[PDB]
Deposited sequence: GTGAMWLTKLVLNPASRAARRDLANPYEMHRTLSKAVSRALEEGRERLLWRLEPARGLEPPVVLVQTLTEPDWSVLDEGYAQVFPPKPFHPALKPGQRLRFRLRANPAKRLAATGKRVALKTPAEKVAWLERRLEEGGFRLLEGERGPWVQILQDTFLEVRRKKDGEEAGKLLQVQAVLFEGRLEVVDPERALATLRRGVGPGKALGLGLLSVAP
């Protein structure tokens, strides 16, 4: 088979101060969510990823079984976590969503910086997917990808992190690499709610 991954949908409660705090600062959200897989993290067995969807919905992917009893009472409605074992096959077509921080490390300075233009952002996605065992699907008028949102996360512990929300259609090229890509996430900002590549038929 393939390795277990767990998807948890959390519907956060606007009435909760803790929920509002985490919603306003991805650094705090990271602190909270990490509690659900704390031991696995310490043991090097975990890659926590999440996305705040556009009440507020947070999708959390973990490689190990989360324990959401760690959450404060009234913090969120926790839907039953779902274990899935992706069955990726060569040529399989999938829709995808990915909120990412397209970036490069400058050769001259050694600093990782955000890519500036939409063309650069799309090229980055194409390269990441291809090196990761996928490929964007194409059409007569361009690659099958949209940028739904291009904004900044305001992170404290003030840094601004560019967040680009991609949605489109792709195909599986190499199932082994593709599975690893889903488990690892794509690009920087993984501890801020970026990098979760979600796929579905």
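Coordinate coverage of the deposited sequence is interrupted at 55 to 59, 163 to 171, where no C-alpha atom was modelled.
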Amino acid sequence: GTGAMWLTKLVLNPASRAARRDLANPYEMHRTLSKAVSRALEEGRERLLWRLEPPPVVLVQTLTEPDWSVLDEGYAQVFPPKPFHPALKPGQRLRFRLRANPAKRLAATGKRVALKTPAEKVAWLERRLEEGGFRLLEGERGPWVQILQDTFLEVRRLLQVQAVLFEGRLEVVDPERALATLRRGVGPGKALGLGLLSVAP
From here on, numbers count along this sequence of modelled residues.
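Take the two forms, find the largest set of C-alpha atoms that superpose within 1.5 Å, and that set is the rigid core.
In a rigid core superposition of the other structures in 6 other deposited structures of this protein, 138 to 146 and 58 to 66 differ in how far their CA atoms stray, and the farther one is 138 to 146.
Between 116 to 124 and 90 to 98, the larger root mean square Cα shift in 6 other deposited structures of this protein, once each structure is superposed on the rigid core, falls on 116 to 124. Taking the PDB entry as given, 65 to 73 carries the higher mean Cα B factor of the two stretches 65 to 73 and 32 to 40. In this crystal structure, the stretch out of 56 to 64 and 148 to 156 whose C-alpha atoms carry the higher mean B factor is 148 to 156.
Ranking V186, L23, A191, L179 by the C-alpha B-factor listed in the PDB entry places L23 at the top. Going by the entry's values, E140 shows the largest Cα B-factor out of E140, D174, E46, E171. Looking at the C-alpha B-factors along this chain, the one for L129 belongs to the lowest third.
Ranked within its chain, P102 lands in the lowest third, by CA B factor from the PDB record.
In the PDB entry, a CA B factor belonging to the middle third of its chain's modelled residues is recorded for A114. Ranked within its chain, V78 lands in the highest third, by CA B factor from the PDB record. Per the PDB record, residue ranking by Cα B-factor puts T8 in the middle third of the chain.
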